[PDB]
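Listed below are the residues making up each chain.
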Amino acid sequence: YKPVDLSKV
Amino acid sequence: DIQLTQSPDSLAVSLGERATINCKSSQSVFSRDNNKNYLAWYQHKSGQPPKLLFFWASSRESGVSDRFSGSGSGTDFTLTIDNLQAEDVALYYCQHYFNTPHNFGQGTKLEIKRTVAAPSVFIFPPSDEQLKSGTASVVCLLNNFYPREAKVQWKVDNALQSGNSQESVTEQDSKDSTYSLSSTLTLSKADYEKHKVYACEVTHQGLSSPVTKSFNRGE
Amino acid sequence: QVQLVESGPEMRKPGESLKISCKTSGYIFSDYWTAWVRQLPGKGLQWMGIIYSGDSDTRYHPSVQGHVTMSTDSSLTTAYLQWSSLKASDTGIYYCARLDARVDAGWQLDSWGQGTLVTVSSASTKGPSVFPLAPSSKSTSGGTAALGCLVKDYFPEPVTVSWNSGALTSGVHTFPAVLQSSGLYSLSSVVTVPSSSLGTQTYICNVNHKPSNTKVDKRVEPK
């Protein structure tokens, strides 16, 4: 249902 | 683990017509939070790194032709290529990045159908350089033909040869959509000198008869 | 100018270690992950994993987990793919690519390296012989002359061929290698040119076989 968040900034 | 399946696996489309590749996900990659589909399309030409065409399923990458369009949602996606050009020949891939691992579809090979073109035939006797090292390779080149089916037979003093040659075909050309083929007859220097006439005989559907290219050794 | 440049083709025996590299430039290293992708023979791409330089965070594909290691040198803005002991079946082309690590960005692969061919084999490395395929009356007709270079008896792949230092690309066909009975490779690269300018133009094939550290520049002249 929800994506794996790969954001790190 | 989310997997992608592309259809068809292979595709032959005429210049100026439309090509269509489908991509289906084993799980939806649509996020309602985002209102985005976590999917991308890639183009992989021979000798080039893969190239990104679309992301978020339908956002066109800057610099990507207007002839390309990506559509779909959830589990069902489509790449369309209108007005097919020679430079579109490539393998095409979809990829999801919804969760890890970010899997690719298995790939779709796009072949360009152009008009029938007969091969131009060239032959090369072994170089003096090679002969000095004890071996003789005779190279027969079939250049810029379509379609791909082309046959080469080697005749030495009008005797059909078997088991002493190797051939290789290029990928389809990005500019003129043709193929080229090399056939190499390899003999020892001593064997090469037993005979006079070396001949490459070429068959292709763009030819009405087998074309022969030959030379006499030492000329 | 966004660039990812990978190390050259490499050759090792099974069981040996190998580390290949992906030198990035033209962007902030810490604003992206680096991904490694394997190209399968015939068709297919395998996403092997990603690594973030800011904290060494790695995500491996389950099927390569434990067999390969990723690392980065942020000072060199370089990412690395590691094998502690190679198998013959690790042979293949490996790509690196960049992935946006900024918030609300997608994780498509928008810029790629050129790919590097890792070969794992017990066979001996062997540099190629390069022979001219000179233009003659037998390779000249209709205003076109064909000429080339025969690159024979090398191991492993790849051999690369350019003409006139990359200045000649149109009409160039570098044929896929063939496997000879000896277990060695062979290929030819040909080019067609106007027969009218064989007296004014010069044609040189630049042959590179990095695994043997071999470079040959063969001038190909009519006779």
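- This deposited entry lists X-ray crystallography as its structure determination method and 2.0 Å as its resolution.

- Going by the annotation in the PDB entry, the name recorded for chain C is Heavy chain of CBTAU27.1 Fab, with Homo sapiens given as the source organism.
- Here the PDB entry title reads "Crystal structure of human anti-tau antibody CBTAU-27.1 Fab in complex with a human tau peptide".

- Looking up chain B in the PDB entry gives the name Light chain of CBTAU27.1 Fab, with the organism given as Homo sapiens.

1. A few points about the overall build of chain C
Then step 1. Helices and strands together make up the secondary structure of chain C, namely zero helices and 20 strands.
Then step 2. With the C-alpha coordinates of chain C rotated into their principal frame, the extents come out at 65 × 40 × 30 Å.
Then step 3. Within chain C, the proportion of its 223 residues that are buried is 50%.
Then step 4. For chain C, long-range pairs separated by at least 24 residues make up 60% of all intrachain contacts whose partners lie at least 6 apart in sequence.
Then step 5. When the accessible area of chain C is evaluated, it comes to approximately 9,600 Å², of which 47% is carbon and sulfur surface.
Then step 6. Of the side-chain charges in chain C, 18 are positive and 15 negative, and the distance between the mean point of each set is 11 Å.

2. Looking at the domain arrangement of chain B
Residues and elements named next belong to chain B.
Then step 1. Under the domain assignment used here, chain B contains domain 1 (1-113) and domain 2 (114-219).
Then step 2. Distance from the C-alpha centre of domain 1 to the C-alpha centre of domain 2: 39 Å.
Then step 3. On the side of domain 2, nine residues touch domain 1, which itself brings eight residues to the contact.
Then step 4. Interface of domain 1 and domain 2: buried area, both sides summed, is about 640 Å²; carbon and sulfur atoms make up 50% of it.

3. Some words on the domain arrangement of chain C
Residues and elements named next belong to chain C.
Then step 1. Splitting chain C by domain gives domain 1 (1-122) and domain 2 (123-223).
Then step 2. Every contact between the two is made by seven residues of domain 1 and, on the other side, nine residues of domain 2.
Then step 3. Taken together, the two surfaces of domain 1 and domain 2 that pack against each other cover about 620 Å², and 68% of this comes from carbon and sulfur.
Then step 4. At the boundary of domain 1 and domain 2, one finds zero salt bridges.

4. Quick notes on the sheet that holds strand β19 (residues 197-204) of chain B
Residue and element names in this part refer to chain B.
Then step 1. Strand order in this open sheet of four strands is β16-β15-β19-β20, and the pairing throughout is antiparallel. Bordering the open sheet on either side are β16 (159-160) and β20 (211-216), each of which pairs with just one other strand.
Then step 2. Bridging between strand β15 (residues 150-156) and β16 involves two bridges; their strand directions are antiparallel. Directly across from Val156, in β16, lies its bridge partner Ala159.

5. Some words on unusual backbone geometry
Then step 1. In this structure, the amide linkage connecting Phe155(C) to the following residue, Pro156(C), adopts the cis form with an omega of -5°.
Then step 2. Looking at the secondary structure, you find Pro156(C) in the loop between β14 (144-154) and β15 (160-163).
Then step 3. Cis geometry marks the peptide bond from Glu157(C) to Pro158(C), where omega comes out at 0°.
Then step 4. Within the element layout of this structure, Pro158(C) appears in the loop between β14 and β15.
Then step 5. Phi is positive for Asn158(B), which is not a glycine, with a value near 65°.

6. What to know about the sheet that holds strand β1 (residues 4-7) of chain B
All names here are of chain B.
Then step 1. In spatial order, the strands read β1-β3-β10-β9; together these four strands make up an open sheet with antiparallel pairing. Strands with a single pairing partner mark the edges of an open sheet, and in this sheet they are β1 and β9 (68-73). Taken over all neighbouring pairs, the strand axes of this sheet differ in orientation by 20° on average, direction set aside.
Then step 2. Where β9 and strand β10 (residues 76-81) come together, six bridges link them in antiparallel fashion. Bridge assignment links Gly72 to a residue of β10, and that residue is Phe77.

7. Quick look at the interface of chain B and chain A
Then step 1. At the junction of the two partners, chain B supplies eight residues and chain A supplies five residues.
Then step 2. There are one residue pair in polar contact connecting chain B and chain A.
Then step 3. Its residues placed into classes, the side of chain B that touches chain A shows three nonpolar, five polar and no charged.

8. What about the environment of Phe54(B)?
Residue and element names in this part refer to chain B.
Then step 1. Counting through the fold element by element, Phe54 comes out in strand β7 (residues 51-55).
Then step 2. Given the relative accessible area of 1%, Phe54 is considered buried.
Then step 3. Placed 92 residues apart in sequence, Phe54 and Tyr146 show a C-alpha to C-alpha distance of 31 Å.
Then step 4. Residues in contact with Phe54, not counting those within four places in the same chain, are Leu39, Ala40, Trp41, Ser59, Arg60, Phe68, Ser69, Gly70 and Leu79.

9. Section: the pairing of strand β5 (residues 45-52) of chain C
Residue and element names in this part refer to chain C.
Then step 1. In terms of residue burial, β5 counts as a mostly covered element, since eight of its eight residues are buried.
Then step 2. Pairing analysis gives seven bridges linking strand β4 (residues 32-39) to β5, with the strands arranged antiparallel. Bridge pairing in β5 links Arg38 to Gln46.
Then step 3. Where β4 folds back onto β5 in an antiparallel hairpin, the turn is made up of five residues, including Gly42, whose phi is positive at roughly 80°.
Then step 4. Note: β5 against strand β6 (residues 57-60), four bridges, orientation antiparallel. Among the inter-strand pairings, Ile51 is bridged to a residue of β6, identified as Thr58.

10. Regarding the nonpolar core
Then step 1. By size, the foremost hydrophobic cluster in this structure holds 51 residues, and its most contacted members are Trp41(B), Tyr92(B), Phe104(B) and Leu109(C).
Then step 2. Among the elements that take part in this core, strand β11 (residues 90-96) of chain B stands out by supplying five residues, more than any other.
Then step 3. When neighbours within four sequence positions are excluded, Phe104(B) is seen to be in contact with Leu4(B), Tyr42(B), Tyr93(B), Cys94(B), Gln95(B), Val37(C), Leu45(C), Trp47(C), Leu109(C) and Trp112(C).

Conventions used here
- Residue numbers count from 1 along every chain, following the sequence as written rather than necessarily the entry numbering; any residue without coordinates is not displayed.
- The order in which chains are written sets their letters, starting at A; the order in which ligands are written sets their numbers, starting at 1.
- Here the side-chain values reflect all heavy atoms present in the structure, with hydrogen atoms and water set aside.
- Secondary structure follows DSSP: runs of H or I at least 4 residues long count as helices, runs of E at least 2 residues long count as strands, and numbering of each begins at the N terminus.
- Only protein chains enter the area calculation, which uses a 1.4 Å probe; residues under 20% of their type maximum are buried, those over 50% are exposed, and those in between are partly exposed.
- Between two residues, a contact is recorded if the distance between any of their heavy atoms is within 4.5 Å.
- What sets the accessible areas is the Shrake-Rupley method with a 1.4 Å probe; for residues, cover comes only from the shown protein chains.
- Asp and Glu are treated as the negative residues and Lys and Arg as the positive ones, with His and the ends of the chain left uncounted.
- The location of each charge is read from NZ of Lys, CZ of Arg, CG of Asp or CD of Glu.
- These domain limits were set by an automatic method or by a database of domain assignments.
- Buried area is a sum: the accessible area each of two parts loses on coming together, probed at 1.4 Å, counted once for each and added.
- Criterion for a salt bridge: a side-chain nitrogen of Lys or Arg within 4 Å of a carboxyl oxygen of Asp or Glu.
- Paired strands are those between which DSSP finds at least two bridges.
- Every axis corresponds to a line fitted to the C-alpha atoms, with the helix fit spanning only the stretch in contact, and the corresponding angles, defined between N-to-C directions, vary from 0 to 180 degrees.
- Counting of polar contacts relies on pairs of N or O atoms within 3.5 Å, with two restrictions inside protein: one atom must be capable of donating a hydrogen and the other of accepting it, and residues adjacent in sequence are counted only when both atoms are side-chain atoms.
- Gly is placed with the polar residues, together with every amino acid not listed as nonpolar (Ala, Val, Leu, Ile, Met, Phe, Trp, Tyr, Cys and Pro) or charged (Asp, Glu, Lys and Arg).
- Residues grouped as a nonpolar core are buried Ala, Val, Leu, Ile, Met, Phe, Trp, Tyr and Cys residues, joined through side-chain atoms within 4.5 Å.

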